[PDB]
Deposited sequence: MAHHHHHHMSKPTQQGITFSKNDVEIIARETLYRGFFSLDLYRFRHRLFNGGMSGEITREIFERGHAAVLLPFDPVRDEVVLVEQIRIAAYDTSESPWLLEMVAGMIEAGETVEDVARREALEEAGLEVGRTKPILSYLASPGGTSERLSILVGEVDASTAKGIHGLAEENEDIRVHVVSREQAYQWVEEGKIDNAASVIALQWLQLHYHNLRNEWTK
């Protein structure tokens, strides 16, 4: 099939407004856009949670078939989870001029004590584009999982790939970045082990 029909030049962002500015922002976009029927929308407003964008690293040890996870509290999980302490990927915000790879390698070293060898891109995704602009770009990084060490009150975990994926299936890992990375690993680990040996 065709895939999507329209691009940026088919929408006019009339103006934006910051409704709240603190650590993060809440912005109001005012815009018009082309309709699938040909016409041009009326003026539309949407509230958009703006918090910058992130780099994510899945630390994979291809020799051991293990991943490294980081555990820490995410208070926003409280209301819909049995515990707000989550098992997650290495991640960090991307500041201006930084690259995904730079941030990913830096965070693996200081959150988990991991020197990263080769990296490969996994996927870059929008976390929830109806309400937030946030994009997260995921890499897989080559590590020796036996060297993992924890140093922002964080506990470092080493688990087999198979157990980490079973925990996705069971709901014990249930944050988007980790689910997406570990599903991708379940689809690609044979090729990745072949490539990284």
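- Gaps between the deposited sequence and the modelled structure occur at positions 1 to 13, 165 to 171, 218.
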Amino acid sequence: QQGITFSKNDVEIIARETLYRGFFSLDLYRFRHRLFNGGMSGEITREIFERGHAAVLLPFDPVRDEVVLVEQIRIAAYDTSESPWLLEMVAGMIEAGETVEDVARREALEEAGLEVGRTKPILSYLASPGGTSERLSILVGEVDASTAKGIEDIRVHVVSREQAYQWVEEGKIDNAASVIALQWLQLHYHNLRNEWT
From here on, numbers count along this sequence of modelled residues.
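Take the two forms, find the largest set of C-alpha atoms that superpose within 1.5 Å, and that set is the rigid core.
- Taken in 8 other deposited structures of this protein and fitted on the core, 9 to 17 and 177 to 185 differ in how far their Cα atoms move from the shown form, and the one that moves more is 9 to 17.
- Superposing the other copies on the rigid core and comparing 37 to 45 to 132 to 140, farther C-alpha placement in 8 other deposited structures of this protein marks 37 to 45.
- Here the stretch with the larger average CA B-factor, out of 152 to 160 and 55 to 63, is 152 to 160.
- Two stretches are in play, 85 to 93 and 101 to 109, and the higher mean C-alpha B-factor belongs to 101 to 109.
- Remark: of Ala127, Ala76, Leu114, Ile122, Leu114 shows the highest value [criterion: C-alpha B-factor in the PDB entry].
- The maximum CA B-factor among the listed residues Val179, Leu185, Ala15, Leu19, taken from the PDB record, is found at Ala15.
- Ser25: CA B factor lies in the middle third for its chain, per the PDB record.
- In the deposited entry, the Cα temperature factor of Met40 places it in the highest third of its chain's modelled residues.
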